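Encoded as structure tokens, the structure appears first; notes follow it.
Printed below as a string of structure tokens:
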């Protein structure tokens, strides 16, 4: 029920998910909160992606092992174990960026997104056309 244009990358090495909106890296803190930081030396922005079904992925903190997930009210959180809230549809956008749609809430187009102030967007507040949802996976230092 969504297009199937996929990004060219692979999942061999960990990545940093850089958000073009405000230049923040997606971050999954030890206590389970999720947000973004411009500090490249932070130890909780190193994320390992893994291919599950076709076009689906898990996004996991290499530092804490937590999985990125979006809850029933659209809030991103770090989950200790993988569940249906941790699967995201990884797609290419504007022929260049990576976007991640909550598989569980794909019908409502709830994306992973960071605001300019570095706070995560809630699912329902996201939508195609925002810069908040555009990511560029960068190699880890």
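In this note's numbering, the protein residues as written are 883 to 1023. Where a beta carbon is used, it is the ideal one built from N, C-alpha and C, also for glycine.
Between residue i and residue j, is the Cβ-Cβ spacing less than 8 Å?
| i | j | result |
| --- | --- | --- |
| residue 1000 | residue 904 | yes |
| residue 959 | residue 916 | yes |
| residue 927 | residue 970 | no |
| residue 1007 | residue 885 | no |
| residue 967 | residue 986 | yes |
| residue 1003 | residue 995 | yes |
| residue 906 | residue 920 | yes |
| residue 1016 | residue 989 | no |
Residue range of the beta strand (DSSP E) that residue i falls in?
| i | result |
| --- | --- |
| residue 1006 | Taken as a continuous stretch (DSSP letters only), residue 1006 belongs to no beta strand (DSSP E), as it is neither H nor E. |
Pull the bridge partners of residue i from the DSSP assignment, please.
| i | result |
| --- | --- |
| residue 897 | 929 and 1021 |
| residue 980 | 974 and 1017 |
| residue 886 | None, per the DSSP bridge assignment. |
Report, in whole angstroms, the separation of the C-beta atoms of residue i and residue j, which I expect to be a contact under 8 Å.
| i | j | result |
| --- | --- | --- |
| residue 944 | residue 962 | 15 Å between Cβ atoms; not a contact. |
| residue 897 | residue 1021 | 7 Å |
| residue 1018 | residue 982 | Not confirmed; about 12 Å, so no contact. |
Which residue spans inside the region 902-976 form an unbroken beta strand (DSSP E) run of at least 3? 906-910, 916-919, 929-933, 938-943, 949-952, 958-961 and 970-975
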